[PDB]
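>>> Quick one: experimental structure and sequence below.
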Amino acid sequence: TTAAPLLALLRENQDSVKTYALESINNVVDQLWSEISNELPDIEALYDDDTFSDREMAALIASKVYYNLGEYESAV
Amino acid sequence: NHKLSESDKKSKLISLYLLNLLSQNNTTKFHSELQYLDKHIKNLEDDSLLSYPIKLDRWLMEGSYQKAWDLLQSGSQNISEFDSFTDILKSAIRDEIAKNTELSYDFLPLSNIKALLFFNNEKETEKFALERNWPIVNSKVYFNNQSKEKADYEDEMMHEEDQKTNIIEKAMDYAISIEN
Amino acid sequence: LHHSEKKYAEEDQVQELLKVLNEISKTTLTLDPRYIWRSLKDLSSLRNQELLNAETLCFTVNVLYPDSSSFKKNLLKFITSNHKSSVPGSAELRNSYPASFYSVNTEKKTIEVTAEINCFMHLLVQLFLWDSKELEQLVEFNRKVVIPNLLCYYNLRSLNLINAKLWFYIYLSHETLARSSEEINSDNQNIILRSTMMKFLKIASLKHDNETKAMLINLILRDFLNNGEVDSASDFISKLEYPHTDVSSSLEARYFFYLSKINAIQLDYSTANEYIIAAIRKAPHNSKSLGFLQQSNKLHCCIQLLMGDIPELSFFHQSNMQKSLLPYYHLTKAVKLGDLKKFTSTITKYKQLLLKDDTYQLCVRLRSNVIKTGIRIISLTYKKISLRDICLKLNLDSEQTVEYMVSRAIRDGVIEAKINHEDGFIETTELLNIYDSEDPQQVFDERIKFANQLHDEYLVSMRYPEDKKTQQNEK
Amino acid sequence: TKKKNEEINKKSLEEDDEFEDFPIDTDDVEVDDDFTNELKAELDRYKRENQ
Amino acid sequence: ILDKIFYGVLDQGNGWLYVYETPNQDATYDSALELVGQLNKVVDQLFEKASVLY
Amino acid sequence: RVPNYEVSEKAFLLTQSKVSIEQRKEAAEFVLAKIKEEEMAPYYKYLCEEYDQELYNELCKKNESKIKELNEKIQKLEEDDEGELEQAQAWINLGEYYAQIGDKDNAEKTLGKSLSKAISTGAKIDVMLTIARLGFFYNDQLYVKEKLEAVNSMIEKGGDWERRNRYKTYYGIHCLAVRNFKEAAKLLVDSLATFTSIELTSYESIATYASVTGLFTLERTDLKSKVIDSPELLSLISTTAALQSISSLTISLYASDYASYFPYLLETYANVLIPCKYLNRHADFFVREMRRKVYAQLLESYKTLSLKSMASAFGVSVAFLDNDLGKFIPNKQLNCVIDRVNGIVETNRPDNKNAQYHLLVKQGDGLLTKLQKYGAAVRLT
Amino acid sequence: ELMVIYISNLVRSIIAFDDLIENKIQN
């Protein structure tokens, strides 16, 4: 089992496909909090821009990734 | 364990993925991906389209380049989407040869530079020199100069300065460890 | 017959139980319950063989049953039920004493004494299950109860010390079920297995209990390894918090074993050395531990051959693990002599033994090495050797082929030569002498730094014992 | 009890009997070089002599 | 040369005899190896007596 | 006394299939003779595997006679009351009766009492000597080692020069059996001069052993002095084939003759190495060492040779020489590189501070290792 | 040094077991 499909769909321009991916990510972080870190800057850029519309969800996920690693500061 | 995963396409798709990883010149992941395959699937399907990436990767490790080249050329009877890797992989192979043969010998007759790198034409040979920043002097390549200079320049960076260890620095550390 | 033996068993357990019950309830004497719990586990396992092993049945019968009862009934169901005194509470001989547990207060719910007793009871059950070879239903049932049983409670430093054993059996038992038989269910539950371990680890970072962290990380590596998921292991290791300081030396040796394995396959050999040498010394030489040692020596043989070293023959000469290590030994030989035709025969014949241990994949890769060692040999011997002679001897395909081996070999600089195409020979260039170089400094740096570290360890250790006896009464 | 800990943890890598599973399943190298040499020296000699 | 009278090497293929001064091996390195040798024996003995602790 | 060693020497021949059929059956007769005569029935049983009911009767009889005899003799020697003299002697004799029939077990018990019970230091050493010979007999070497380690403690206690000699010669044989020849030589040369045989092999055997080790280990100058100009060897000349072969090899090695060296190599193999029990197992190892050594010897004096010259000199073809040099070059002893294009044999010699630097680091890694582990152990404890 | 001091501790523990036992009698 692997989070790499999820990572890959996010790049696609289409908003409908990226949003559905976030929701999938949120339920595999538990374990996959490792593979996802390599690609974590993409998840960050989608929140930082106001362009995105599912912003709150994108930050939430980046936090969960920092929490499991234990890099608490960024998580909060 | 098996759903309807087994397909003719299954074998074909694996083959391609591995060729890709070789074309990226990222052997790290190639072997990683190979280790994943090495159980159930590789054993049950034998190697019949797998034999194309296994053997390619294997002869390049072995050091026998002649063998690694012939697989690339014989690829012709099977192309359908494989050429998209064939091209990238070749160009990297000539580079590989050129690097091994750099230290071996500085000056080679014109005929031998071509033959080694398996170029069809002499003009293509001199194209690769210019890109590689090597003087052609009397239709003989010279590898020694630039490569050494470059090497020297590369050696000086903000990484490898703390890993050198100065002889005076070694002394200090030995002395103070006793005296702590 | 039944009665006497059953009774003695119950007493023995009760004695043990009482000791640790007094211990655990007083401040931070942590080390004491921990040493005691370990010894105990061993004593219990050794016990089972004679004077029955229905200690478990007894031991349930005379304690408060929170869910113990449900498990016991399942276990009886499994080996065909009987009833003779096998429902807990059938002998009231606690009698509201504090030691055998204040019967009323456990019921009132003002206090809880059952908590730590239930963790300890799960350990004892688990050990018996594996010793026995009670698979299928029990194994599933045990796992199903214990995971939510632990997530029902809230951990303490003392509870943390206990689950450091429990999590080993949750893993091990599942593996046994894959190892019986292939099920479609085994593929699903493999995933669930990883998931529960992963969660408990996150929390346990927050408890700052090293014991459990270390245990857990070893279990987690072993699973990734079976599925050959190196990419996912590589990120996993970069987490970096796997403690060493507090941990028992066993956990350091399983951890290092795994490190050697994962590094070697992804084409790193240099660092893989440090880890396998370390993992052999840390392992003990115990009689039950001989099985581990063979396995470590198989892997070592491989690591070295890839790197370009020759494991001493001498080391394997006086070993007794002989019959198992026959395949490996012949590989060493093939490399050492550079003999091309031998090599191939060796890996075809032994293929199946080599596949089990998964050393095999490493063994294909030594094919590059056979050739290289054989070129190393010709160079040491000969200062000018026509390339034409090398082409006949190693039965190489064409004049172009013989060049390419030497070309690539000098890139790692193993041979260090120079090829003359036109003059049609190789001339050795090998420095040989490196005393003159700066190199001697570097070698000695490692020697000295290791030495200094040993003095520090000694100082710190020496004073501690002496304080303990000086406080104690003496002449 | 430090020792006991070692052996138990280790066991899962050893499984059933990584000790007896394997046997249930299944200048010192170089040959007599005197003989080879004997014959070499006479084969040289012969030619030497009748030349 | 075998008896270490003049210690040199006779080069058959130029028809010359090459002459060397006496080589001087490093005394420190030789005497050091004797000391190291001894240290091993010492540690073995100690350890046999320390068998009492365990 | 004579069978105690001699049986094993013959028996060894019999074992071996290397030996010529003539020799094998010459020895067979010898063995059978001594069985009946010394009444070796227990031990014979051991040897038969490795190889009439009247024999058995001979046991059964001789045993019950010898047993009943000694029984009441010993019983009476203990009864009548003084232990210094009689009880001590009686245990010696008891060990000896077990040593005759080769029961190892019951001798350990009897000769053990004698050691325990207070007697002269002479007396202690003498008695131990027998136990060590049974170890040598059995063809177990480690059994000899433990005993002789004790014997060595008592050597300077007693201070007899008589038993210092005897001790040397036993330890000499033990060491001949193990690979290590360095200690063997030192002990062995002194003992040519001096050793009255006791429960060990004849002086002709001992002579061939000093010659054999001498080649192997000794520096050149020191072979000449101690061995060729040996008073002992010169008077002893050759009254045996084995002594003759080894002597012939020595004369060509020293004289730097090379043509005849190789016939001689072959001869010593046949007539020395295979008859001798202890040096049989090292037959391959010795000839390897010698062949490196001679090639080496010649290369030391020449910066260069041509291949034709060197090959004609040893008497082998040029092709035969090339295959053989290259065996020994990566193991480092001949120190020579070989050009193929110009046919030349160059000889590099770069040994200096570099040589000695590598020896010290390698051995150093090992002292570090031991130290770390013993440190850790005690700290736990 | 480590070993030396440790023999001394092993002796001290045996002494300490026995002293305690005698003190029980004295009390």
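All right, it came through fine. Residues are numbered from 1 along each chain as shown, chains lettered A, B, ... in the order given.

>>> Mind telling me which residue of chain E is nearest chain B?
Going by C-beta to the nearest C-beta, chain B is nearest to residue E:32 of chain E, at 18.5 Å. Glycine gets a C-beta too; all of them are placed from N, C-alpha and C.

>>> That residue is in contact with residue F:363, isn't it?
No. Residue E:32 lies out of contact with residue F:363 (C-beta atoms under 8 Å); the separation is 10.2 Å.

>>> still on that earlier bit, what's the separation between the residue of chain E closest to chain B and chain C?
As judged by C-beta to the nearest C-beta, to the nearest Å, residue E:32 and chain C stand 13 Å apart.

>>> what sits up against the biggest helix by length in chain B?
Criterion DSSP state H: the longest helix present in chain B is helix B:83-104. Defining contact as C-beta atoms under 8 Å, 6 or more residues apart in numbering or on different chains, one finds that helix B:83-104 is touched by B:16, B:19-20, B:22-23, B:25, B:56, B:60, B:65, B:68-69, B:72, B:75, B:79, B:108, B:116-119, B:128, B:132, B:143, B:147, C:403-404, C:406-408, C:410-411, C:417-419.

>>> Return a PyMOL selection command for the buried portion of these.
For the buried members of the contacts of helix B:83-104, the matching PyMOL selection, counting by 16 or more other C-beta atoms under 10 Å in any protein chain shown, is:
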select buried, (chain B and resi 16+19+20+22+23+56+60+65+68+69+72+75+108+116+117+118+119+128+143+147) or (chain C and resi 403+404+406+407+408+410+411+417+419)
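
>>> can you tell me the helix or strand for the closest residue to chain D within chain F?
Closest approach between chain F and chain D, counting by C-beta to the nearest C-beta: residue F:288, at 4.0 Å. Assigned by DSSP states H and E, residue F:288 belongs to helix F:283-301.

>>> is chain E contacted by that helix?
Yes. Counting by C-beta under 8 Å from any C-beta of the partner chain, contacts between helix F:283-301 and chain E involve F:297, F:300-301.

>>> Identify the bridge partners of residue F:345.
With beta bridges defined as DSSP bridges, residue F:345 has these partners: residue F:305, residue F:338.

>>> okay, now it: neighbour count?
Neighbour count for residue F:345, taken as other C-beta atoms under 10 Å in any protein chain shown: 24.

>>> quick one: contacts for it?
Residue F:345 neighbours (C-beta under 8 Å, 6+ apart): F:299, F:304-307, F:310, F:336, F:338-339.

>>> From the residues you listed, list just the buried residues.
Those of these that meet the buried threshold are F:299, F:304-305, F:307, F:310, F:336, F:338-339, by 16+ other C-beta under 10 Å.

>>> so what's residue F:252 closest to, chain neighbours aside?
If the residues on either side of it in the chain are set aside, residue F:252 comes closest to residue F:261, at 4.8 Å by C-beta to C-beta, 6 or more residues apart in numbering or on different chains.

>>> Now do the same contact list for that neighbour.
The contact partners of residue F:261, taken as C-beta under 8 Å, 6+ apart, are F:249, F:252-253, F:294, F:314.

>>> Equivalent analysis for residue C:368, please.
Contacts here follow C-beta under 8 Å, 6+ apart; on that basis residue C:368 touches B:61-63.

>>> Same list (those residues) but as JSON lines, adding neighbour count.
Listed next are the contacts of residue C:368 as JSON lines, based on neighbours: other C-beta atoms under 10 Å in any protein chain shown:
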{"residue": "B:61", "neighbour count": "17"}
{"residue": "B:62", "neighbour count": "20"}
{"residue": "B:63", "neighbour count": "21"}
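
>>> Is it possible to get TSV of those residues that adds distance to residue A:14?
Below are the contacts of residue C:368 laid out as TSV (distance: C-beta to C-beta, whole Å):
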residue	distance to residue A:14
B:61	42
B:62	47
B:63	48
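
>>> Which members of the residues you listed are positioned in helices?
Of the positions in those, B:61-62 sit in helices, assigned by DSSP H.

>>> Which of the contacts of residue C:368 sits closest to chain A?
Each of these was checked against chain A using C-beta to the nearest C-beta; the closest is residue B:61, at 27.0 Å.

>>> my read: that closest one touches residue C:365, true?
Yes. Between residue B:61 and residue C:365 there is a contact under C-beta under 8 Å: 6.9 Å.

>>> before we move on, back to that, other residues contacting the helix holding residue F:288?
D:27-28, D:30, D:32-34, E:1-2, E:9-10, F:179, F:212, F:215-216, F:220, F:253, F:256, F:258, F:261, F:265, F:269, F:273-274, F:279, F:305, F:310, F:313-314, F:324-325, F:328, F:333-336, F:345, F:347.

>>> circling back to that earlier point, to the chain's geometric centre, what's the distance from the helix or strand following the longest helix of chain B?
Proceeding N to C from helix B:83-104, the next assigned helix or strand is helix B:110-116, under DSSP H and E. A distance of 20 Å separates the centroid of the chain from that of helix B:110-116, by C-alpha atoms, centre = their mean, to the nearest Å.

>>> Helix B:110-116: which residues count as buried?
B:112-114, B:116.

>>> Name the residues of the stretch 201-350 of chain F found near chain E, please.
Residues of the stretch 201-350 of chain F lying near chain E by C-beta under 8 Å from any C-beta: F:220-221, F:256, F:297, F:300-306, F:309, F:344, F:347, F:349.

>>> Which strands or helices does the helix or strand containing residue F:137 pack on?
Assessed by DSSP H and E, residue F:137 sits inside helix F:121-138. The contact analysis (3 or more C-beta pairs under 8 Å, 6 or more residues apart in numbering or on different chains; DSSP states H and E) places helix F:121-138 against helix F:2-15, helix F:88-101, helix F:104-116, helix F:142-158, helix F:162-177.

>>> Next, the contact list for residue 2, please.
Let's take chain A. Taking C-beta under 8 Å, 6+ apart, we find residue A:2 in contact with A:32, A:35, C:232.

>>> Chain G is the one I meant
Residue G:2 sits next to C:458, C:461-462, F:375, F:378-379 when contact means C-beta under 8 Å, 6+ apart.

>>> For the residue nearest to residue C:74 when sequence neighbours are not counted, give me phi and psi.
In this structure, residue C:74 finds its nearest non-sequential neighbour in residue C:141, 5.3 Å apart by C-beta to C-beta, 6+ apart. Residue C:141 adopts backbone torsions of phi -60, psi -50, taken as degrees, to the nearest 10.

>>> Residue C:141 against residue C:73, yeah?
No. The pair residue C:141 / residue C:73 is not scored as a contact, 10.4 Å apart, by C-beta under 8 Å.

>>> Find the closest residue to chain C in the stretch 101-250 of chain F.
Closest residue of the stretch 101-250 of chain F to chain C, C-beta to the nearest C-beta: residue F:179 (11.6 Å).

>>> Name the SS class of that residue, please.
Assigned by DSSP: H, G, I helix; E, B strand; the rest coil, the conformation of residue F:179 is coil.

>>> Ramachandran angles for the closest residue to it other than its chain neighbours?
Nearest residue to residue F:179, sequence neighbours excluded (C-beta to C-beta, 6+ apart): residue F:282, at 7.0 Å. The phi and psi values for residue F:282, taken as degrees, to the nearest 10, are phi -110, psi 10.

>>> Cheers, nothing more for now.
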